[PDB]
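Novice: Below you'll find the sequence and an experimental structure to go with it.
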Amino acid sequence: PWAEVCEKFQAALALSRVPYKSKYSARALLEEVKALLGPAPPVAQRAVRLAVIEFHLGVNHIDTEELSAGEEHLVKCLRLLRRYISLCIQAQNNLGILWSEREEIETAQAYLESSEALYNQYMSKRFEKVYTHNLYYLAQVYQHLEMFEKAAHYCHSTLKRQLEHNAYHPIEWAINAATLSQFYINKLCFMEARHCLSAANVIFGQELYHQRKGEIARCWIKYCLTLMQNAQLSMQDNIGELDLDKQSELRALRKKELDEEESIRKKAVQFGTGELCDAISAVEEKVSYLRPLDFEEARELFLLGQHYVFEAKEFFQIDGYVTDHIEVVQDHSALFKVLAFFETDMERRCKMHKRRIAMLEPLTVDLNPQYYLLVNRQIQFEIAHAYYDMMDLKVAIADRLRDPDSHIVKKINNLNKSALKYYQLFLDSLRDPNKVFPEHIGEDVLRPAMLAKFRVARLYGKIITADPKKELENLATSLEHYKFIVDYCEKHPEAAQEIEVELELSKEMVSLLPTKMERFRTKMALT
């Protein structure tokens, strides 16, 4: 009856190859094979003939993971074949994968560990490919336990084997490789890490088809920003003005040999033998910048060349996260001008101010309880108006001859102070300012205390020229400082940052004394 059996197989196969499209006469094949079971009659040969449908049977009873009967039959057959060549790995993987959602992850590990062990012990689609699925499923397990080093080894090794075959897809290459980047960023191995991102550019070059560029452009940002900010080792303000006192040593013989060993591992990724080499050629042409002392145009061009797709992502964001990239570009452009160590230009400050107006209108659009968005914007208000403070210091020191009208700039400073007091008065009204939002005590002390310290410095910045105003501001500063004394020394939370506490202790003595001085002026006036 073997011809009949084979015909029944091949007849059943196609319908399997498809309200659920199946389980439908998939029991008729069951009935026929089980009819074959009884008068099956060596014995091992007969048994081998069996487990095929049984495999499929367990496969059939998925029932969208709400079942169990398939589980039972599968484990039965697995015990059979255990006592009884690639079938074991073909099954054990899927048996485990359900328990993965059952979250017995540690136990599930042992299965895949055994599978790879069997691979290693042993030494056409299965022969050239099932290795793949185990490796892929392996990495996402590690994420929770955070051996990212170990996971990276697999992911990187997996991509190489993936290159043997013609299977390639843009998401599976890009969205994986790009995310792999940040790992080395933390390890600060830029010289090694460039290659991944840089090579990630041609595969995608050969819906999502548009929005995938977003992560691509984002990863560029983190590359630049760390490289600039690491240079902040030596600040002209707190470190000697002479720079590069120690030998620059841009090119070192000892360093290159060590690099080559790492480079050799990187070299292994290239395959295609020449087109990938040309890809890496263009790679290096833009790797053209490593470690600079003339950096200015190079880094600005970094931004600009990626500013293109920065804008593109802004297009591909619906008004919600556009602010995020806008303010990131804001900060970075500011940092370019800053670390570009020269005085006379305020242009990027002014342009940031315009962009800041631009991001302020959404407050009118959205008066939602966007607390920390408001906190953030007030923070860069502090920062920009500190830029005002410092440029004021610079101009005032630059006052060689008689001062022209910079009192307009001083009033700009005053309205900056007004904007600030509006912001921390928003914070007030949140706390004690209004009928809708009053509070018992300043129970929340830490973050508003650091904000209040900033405004303390601002009150110290009340130093202006006006005569009837000076007197009332003497009183205002004294009273504000006394408020602050109450806020901290007498709240008795004692969880307040003691470093600050002592800073405002210095400030409180520094306030006691010239309040006495102002008394002296007033009473010399009383004389």
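Specialist: Yep, it's here. Numbering: from 1, shown residues only.

Novice: Residue 168 reaches residue 203, doesn't it?
Specialist: Yes - using Cβ atoms under 8 Å, residue 168 is in contact with residue 203, at 6.7 Å. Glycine gets a C-beta too; all of them are placed from N, C-alpha and C.

Novice: Please, which helix or strand holds residue 456?
Specialist: Using DSSP states H and E, residue 456 falls within helix 446-460.

Novice: Packing partners of that helix?
Specialist: Helices and strands touching helix 446-460, by 3 or more Cβ pairs under 8 Å, 6 or more residues apart in numbering; DSSP states H and E, are helix 407-430, helix 467-489, helix 498-526.

Novice: quick one: buried residues of that helix?
Specialist: By neighbour count on 16 or more other Cβ atoms under 10 Å, the buried set for helix 446-460 is 448, 449, 451, 452, 453, 455, 456, 458, 459.

Novice: any idea how far that helix is from the chain center?
Specialist: Chain-centre distance of helix 446-460: 30 Å, with Cα atoms, centre = their mean, to the nearest Å.

Novice: report the angle between the axes of that helix and helix 498-526?
Specialist: Here the directions of helix 446-460 and helix 498-526 differ by 30 degrees (axes from the mean of the first three to the mean of the last three Cα atoms, to 10 degrees).

Novice: Do a quick rundown of the helices in the stretch 51-200 of the chain.
Specialist: Along the stretch 51-200 of the chain, counting by DSSP state H, counting those that start in this stretch, helices occupy 69-83, 87-101, 105-122, 125-129, 131-142, 148-162, 170-187, 190-203.

Novice: which SS class is residue 248?
Specialist: Under DSSP: H, G, I helix; E, B strand; the rest coil, residue 248 falls in the coil class.

Novice: circling back to that earlier point, out of the helices of the stretch 51-200 of the chain, flag the one nearest residue 304.
Specialist: Nearest to residue 304, of all the helices of the stretch 51-200 of the chain, is helix 190-203, at 17.6 Å by Cβ to Cβ.

Novice: Other residues contacting the closest one?
Specialist: Surrounding helix 190-203, the residues in contact under the criterion Cβ atoms under 8 Å, 6 or more residues apart in numbering are 168, 170, 173-174, 177-178, 180-181, 184-185, 187, 216, 219-220, 223, 226-227, 259, 262-263, 266, 269, 276, 279-280, 283, 286-287, 290.

Novice: from the chain's centre, how far out does that helix sit?
Specialist: For helix 190-203, the distance to the chain centre is 18 Å (Cα atoms, centre = their mean).

Novice: what sits up against the helix or strand following it?
Specialist: As assigned by DSSP H and E, the chain's next helix or strand after helix 190-203 is helix 208-211. Residues from elsewhere that reach helix 208-211, judged by Cβ under 8 Å, 6+ apart: 170, 171, 316.

Novice: could I get those residues as CSV with neighbour count and distance to residue 465?
Specialist: As requested, those are arranged in CSV below (neighbours: other Cβ atoms under 10 Å; distance: Cβ to Cβ, whole Å):
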residue, neighbour count, distance to residue 465
170, 14, 64
171, 10, 64
316, 16, 51
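
Novice: Just the closest of the residues you listed to residue 123, please.
Specialist: Using Cβ to Cβ, the shortest approach to residue 123 within the contacts of helix 208-211 belongs to residue 171, at 32.8 Å.

Novice: That closest one reaches residue 212, doesn't it?
Specialist: Yes - counting by Cβ under 8 Å, residue 171 touches residue 212, with 6.8 Å between them.

Novice: The residue nearest in space to the middle of the chain: what's it in contact with?
Specialist: For the chain, the residue nearest the mean C-alpha position is residue 182 (7.8 Å; Cα atoms, centre = their mean). Neighbouring residues of residue 182 by Cβ under 8 Å, 6+ apart: 219, 222.

Novice: if we go to 10 Å?
Specialist: Residues near residue 182 by Cβ atoms under 10 Å, 6 or more residues apart in numbering: 148, 193, 219, 222, 223.

Novice: Then residue 299?
Specialist: So residue 299 contacts 224, 225, 227, 228, 289, 292, 332, 335, 336, 339, 340 (Cβ under 10 Å, 6+ apart).

Novice: Assign a three-state SS to the first one, would you?
Specialist: Which is residue 224. Of the three states, residue 224 takes helix according to three-state DSSP.

Novice: shouldn't it be in contact with residue 332?
Specialist: Yes - under the criterion of Cβ atoms under 10 Å, residue 224 makes contact with residue 332 at 7.4 Å.

Novice: Could you tell me which residues touch both of the two?
Specialist: What both residue 224 and residue 332 touch, as defined by Cβ under 10 Å, 6+ apart, is the set 299, 302, 303.

Novice: what's around the closest residue to the last one other than its chain neighbours, how many residues?
Specialist: So the one you mean is residue 303. Closest residue in space to residue 303, ignoring its immediate chain neighbours: residue 332 at 6.3 Å, by Cβ to Cβ, 6 or more residues apart in numbering. The tally of other residues near residue 332 (other Cβ atoms under 10 Å) stands at 19.

Novice: doesn't residue 223 make contact with residue 332?
Specialist: No - judged on Cβ under 10 Å, residue 332 makes no contact with residue 223 at a distance of 11.8 Å.

Novice: For those two, list the residues in contact with both.
Specialist: residue 302.

Novice: What segments of the stretch 201-350 of the chain are helices?
Specialist: Remark: helices assigned in the stretch 201-350 of the chain by DSSP H, counting those that start in this stretch are 208-211, 213-230, 253-269, 275-286, 296-315, 322-339, 347-365.

Novice: Mind checking those for the one nearest to residue 135?
Specialist: Nearest of these to residue 135, taken as Cβ to Cβ: helix 253-269 at 16.3 Å.

Novice: I'd like the distance between the residue of the chain most remote from its centre and residue 257.
Specialist: Distance from the centre of the chain peaks at residue 527, with 66.1 Å (Cα atoms, centre = their mean). Note on residue 527: its distance to residue 257, by Cβ to Cβ, to the nearest Å, is 82 Å.

Novice: With residue 36 instead?
Specialist: Per Cβ to Cβ, residue 36 is found 69 Å from residue 257.

Novice: For the two, indicate the residue with more neighbours.
Specialist: It is residue 36, of residue 36 and residue 257, that has more neighbours when counted by other Cβ under 10 Å, with 18 against 9.

Novice: Show me what the helix or strand where the more buried one lies is in contact with.
Specialist: Element membership of residue 36 [criterion: DSSP H and E] is helix 26-37. Here helix 26-37 makes contact (Cβ under 10 Å, 6+ apart) with 1-2, 4-5, 8-9, 11-13, 15-16, 25, 46, 49-50, 52-54, 56-57, 59-61.

Novice: Tell me the buried residues within the residues you listed.
Specialist: Neighbour-count burial (16+ other Cβ under 10 Å) applied to the contacts of helix 26-37 gives 8, 12, 50, 53, 54, 56, 57, 59, 60, 61.

Novice: Can you tell me which of these is nearest residue 384?
Specialist: The closest of the buried ones among the contacts of helix 26-37, once distances to residue 384 are taken by Cβ to Cβ, is residue 59, at 63.1 Å.

Novice: and the nearest residue in space to residue 60 that is not next to it in sequence, how many neighbours does it have?
Specialist: Spatial nearest neighbour of residue 60, excluding adjacent residues (Cβ to Cβ, 6+ apart): residue 26 at 5.5 Å. Neighbour count of residue 26, defined by other Cβ under 10 Å: 17.
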